[PDB]
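Here you'll find one protein chain in two forms, each presented separately as structure tokens under the names structure 1 and structure 2.
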Structure 1
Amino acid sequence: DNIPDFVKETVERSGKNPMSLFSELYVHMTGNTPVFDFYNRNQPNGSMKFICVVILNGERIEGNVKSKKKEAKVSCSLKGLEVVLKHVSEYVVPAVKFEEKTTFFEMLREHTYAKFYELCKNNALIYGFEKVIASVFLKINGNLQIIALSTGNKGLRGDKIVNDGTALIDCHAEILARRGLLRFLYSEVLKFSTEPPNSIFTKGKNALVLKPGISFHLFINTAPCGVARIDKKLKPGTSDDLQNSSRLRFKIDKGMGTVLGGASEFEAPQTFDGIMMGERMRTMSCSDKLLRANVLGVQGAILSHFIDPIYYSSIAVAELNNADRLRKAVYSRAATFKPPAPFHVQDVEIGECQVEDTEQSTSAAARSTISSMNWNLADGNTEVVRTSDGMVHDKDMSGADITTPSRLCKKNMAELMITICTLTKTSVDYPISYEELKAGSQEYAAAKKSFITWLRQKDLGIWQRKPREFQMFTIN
């Protein structure tokens, strides 16, 4: 045929219809929008025909003369896609910024997008994932290096849950970035085990402690879902309104928003069987997760066995208002809490981006994507994960669908942790489950229980803990 098979393969890999992708590329390289033409061809006995041409890059993209609209338009779209595959180019925009003002976070914002396009040139299949972008930066005495970068704003569906823990539950960018940070921390711990001088960790009184001058910064291109996005009102007016706005919220499946529960609502714990019967899964919003990470550290329960708690040093959101709105959700709620020793409340610096608020390209027609991507410096390669099931899909030698667990799933983290046990001659009990391993950190578990009890006491909300079956798989 007149259409190369590579064009069809690209169309299939993109996941979009040929017309939409061709129109998007036409908008990307040119300042116009394709408009089809339907000139007719008359046979001696009479006929009706459709062609569709479109003019891109000065080439005649006139399609085959066919009877009906559908085949003519798909042929024209395929020809235009062949044209765009020819003369390999892609959307790029030079960066400009104002200086001499507070623009430290603008550098982080611009560099995150620049690093995003660098991986895009290596793997073009990850284009269009700019709707939600998060990154983690590490600062050492005025020198900053990116660590993690990830996308995604969807969650695992209820019917696709498994008890073996190889399926990701939350695919939000600000959580995948934290997972990449934990992977980088695992790599750093391994480096300390093999070369203490070249590592950022040092031997402390009880566990590994970060060297002086080491700090981590988190940047998100949009405000996290939850308390920070409820309202923009300057004043609440009443004490009840202030209390209501600061209460916890939870997410539901792929739902873009959040649902607020009252006192002693949803008190019954979630059940594994009930979810399979049709009950919708409830997951806490990103604001409450950030609050929990600030209170209890970002290292988690498992990594607490070797390293001291680590907290974010600064949070940057590319929004104009920012300031008090995000502070109230991140620090003010747990300001009065007094955790035990170790672990403590961190006064994370809150910063506002200079200019170039990202809401038009993050909240307009880009929500149709279902695939999320994660990247970390420890691995050095990009990975795409389908948010519908939390697993990566690929084509085998015969072209059939093959699925393998993601590198950041619970099973892979447990395998890495056990590999750390084996490499450093750290003997562990056997057999042990994932839940038992997390419960081994007495201090972390006690701090988490105290924080949950204090949250309940302050009538802020009720934590909807996941069913125990999600962590009941045995570690091998």
Structure 2
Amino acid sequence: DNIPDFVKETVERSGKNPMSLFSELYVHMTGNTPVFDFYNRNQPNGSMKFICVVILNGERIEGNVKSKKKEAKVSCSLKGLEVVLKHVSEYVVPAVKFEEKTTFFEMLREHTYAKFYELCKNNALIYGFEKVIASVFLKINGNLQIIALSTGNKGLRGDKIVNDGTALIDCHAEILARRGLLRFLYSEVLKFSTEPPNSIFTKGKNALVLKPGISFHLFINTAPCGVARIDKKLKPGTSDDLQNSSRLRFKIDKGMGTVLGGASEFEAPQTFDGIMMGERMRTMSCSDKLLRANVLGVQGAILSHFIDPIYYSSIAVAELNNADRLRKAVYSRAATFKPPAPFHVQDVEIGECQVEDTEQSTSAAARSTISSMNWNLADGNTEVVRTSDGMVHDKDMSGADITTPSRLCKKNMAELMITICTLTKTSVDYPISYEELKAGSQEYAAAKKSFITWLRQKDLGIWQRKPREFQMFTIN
């Protein structure tokens, strides 16, 4: 063929058509936008032709001479894509931060992007995913190491829901960062099982506890969706607007924003069949999920069988003026809640980055992307998940898509926990299900129930729980 197969490979794997892919890659390679030179060829009997010639990297990328502008320009785009994949190189960012100020969170901002671009070196297909990106860092005595890294701003479609837990439900960046943190915590539990000195855990009174000084810090390159975003308006509001601007919100599969609920509105539980019949699945907003994280811990229900609750010590958002309303949304809405005993409402430190208000990038061409990467230190490799169905789409030897569950899905988390239980000789019931395993954490279940009940009784709203059949699958 006159066009290299790598052009088709890039077009297919990037999820972008050749014209859009050429437009994107020309802008990422040089400082200009493709312009087509409409040359014409005349036959002796009279004819009109177009070539739509584009010049790039000093190479003549003259396309096929054809009747109209469309086919000639798309052929020139194909050849220009051949050119951009030739001369192997890609855009990178040097550090541009300021010092001596409150730049610790800015240190977290640069190291998140710097780590992401390092991953792009080994896997070129994740380029451009960093428009919406979150990461988790582990700190001890001034030493910080990135733990989890993820992108994405979209959720599972209602058509693609499954009862076996193989699909990622919410592929927002911070949620996937928390899931990568969960995988890292599982790895650390295993390490404590084999090498207690080298692990971050130590034997507490009733469960594993973090060694002193070890902290976890969440960074998000944009404000989490929900009331942490709805409060961008600096005007304080009048009276009832304060309570109105603090109620729970839920997400739509693809909506870039969130929808406020009501006072006993949406009290009817979601049903699996309803979502399949066409009802839009409701997922709690990332602001409410972060409030839940700072009330109940980030470790989740399953890890509570091994470890004591773990909380984010700080949450950083790449916005210049976010300290007040992010803190309100993330901590203050439940500051008066009293969890049962192992848990507490974490007074998370709120940090602001500098240099760039990142939401310029998060709002441009980030709506188009439908796939999300996730990286964590425990696995050490990147993974791309198509957010529409929330599962990994690899390429077969003979073509067509083969689709496999992500490592962050419910089934894989349950399998990892069962593997740890087998290795550490922990006795578990054979016929348990995913829901029964999570319900097994008595203290965590009680704390979650009390938190939901308190949110209801304080008029904050109704927590939009998923249908029970999302989690009835048996692991063993």
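Numbering runs along the sequence of structure 1, starting at 1. Note that the rigid core is defined as the largest set of C-alphas that superpose within 1.5 Å between two forms.
- Lining up the core between structures 1 and 2 shows that one residue from 234, 268, 335, 341 moves its Cα 2 Å or more, and that residue is 234.
- Relative to the superposed core, residue 29 undergoes a Cα shift of 2 Å or more between structures 1 and 2.
- Here residue 456 does not count as shifted, since its C-alpha moves by less than 2 Å between structures 1 and 2 after the core is aligned.
- Put the two forms on the same core and the Cα of residue 468 is off by less than 2 Å between structures 1 and 2.
- Aligning the rigid core leaves the CA of residue 361 displaced by 1.4 Å between structures 1 and 2.
- In the rigid-core superposition between structures 1 and 2, residue position residue 14 carries a C-alpha shift of 2.2 Å.
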